[PDB]
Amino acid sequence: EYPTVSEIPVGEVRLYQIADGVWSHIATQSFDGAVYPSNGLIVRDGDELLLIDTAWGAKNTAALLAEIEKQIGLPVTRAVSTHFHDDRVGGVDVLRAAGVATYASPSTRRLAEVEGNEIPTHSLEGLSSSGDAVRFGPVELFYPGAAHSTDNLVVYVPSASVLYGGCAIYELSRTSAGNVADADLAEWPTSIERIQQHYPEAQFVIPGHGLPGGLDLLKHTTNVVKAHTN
């Protein structure tokens, strides 16, 4: 049903429709010689589209654009990157050049600049304190606290009870810690519990990499992070 790493060639993107006017996008990328899948979101807002995350590099993000055009055929006008790493902002220049207004928090923009990663143009205000939520069209954006990265946002689509966790939330397949050099391991579980307290109504939970699940992915992630800590 949900597209899998093993069914997606590196360079192609697939869409999965989760509800009316809500899709995930799935791509794959090589990292240290393994192949990973990676998810983002697409959310309809009237006659245009809001994109959440790039598809992890220029080539994948151009493909995502063409796949959106062929399967949905609405224009992407805005995009939000959920943190500063390349699976979230790699492709921002491609988006900018297609006339998409690219957004991320000041924090994310700062960290991307330092890192040498592509920098979203626009700044999302009101997200600097743990627990902050802002409305961004047909979604709510939430800063739960440091976890996978200090700047990690999550995204909730109230219309469809879809919570998009990005890299702060692990799929059930991942049973040891992923890529954590920029992580706040000590605060990651407190951050997830903020997510649980703010979106206890979420039905469909999407991790940054892999298959979606329910609110159990939050508990799963907490288990994996505490086991890594120990």
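Residue numbers here begin at 1 and follow the sequence given.
Enquirer: Please compare 168-176 with 45-53 and name the stretch with the higher mean C-alpha B-factor in the deposited structure.
Expert: On average, C-alpha B-factors are higher across 45-53.
Enquirer: When the Cα temperature factors in the entry are averaged, is it 36-44 or 178-186 that ends up higher?
Expert: Between 178-186 and 36-44, it is 178-186.
Enquirer: Highest Cα B-factor in the PDB entry belongs to which of 152, 71, 121, 81?
Expert: By C-alpha B-factor in the record, 71 ranks first.
Enquirer: What third of its chain, lowest, middle or highest, does the C-alpha temperature factor of residue 101 fall into?
Expert: Its C-alpha B-factor, which the entry lists for residue 101, ranks in the lowest third among residues of this chain.
Enquirer: Comparing against every modelled residue in the chain, figure out the third that the C-alpha B-factor of residue 29 lands in (lowest, middle or highest).
Expert: It belongs to the middle third of the chain when residues are ordered by C-alpha B-factor.
Enquirer: Could you place residue 203 in the lowest, middle or highest third of its chain by Cα temperature factor, using the values in the record?
Expert: It belongs to the highest third of the chain when residues are ordered by C-alpha B-factor.
Enquirer: Among all modelled residues of this chain, ranked by Cα B factor, put residue 195 in the bottom, middle or top third, i.e. lowest, middle or highest.
Expert: Within its chain, residue 195 is a middle-third residue by C-alpha B-factor, going by the deposited values.
Enquirer: Relative to the other modelled residues of the same chain, rank the CA B-factor of residue 90 and answer lowest, middle or highest third.
Expert: Its C-alpha B-factor belongs to the middle third of this chain's values.
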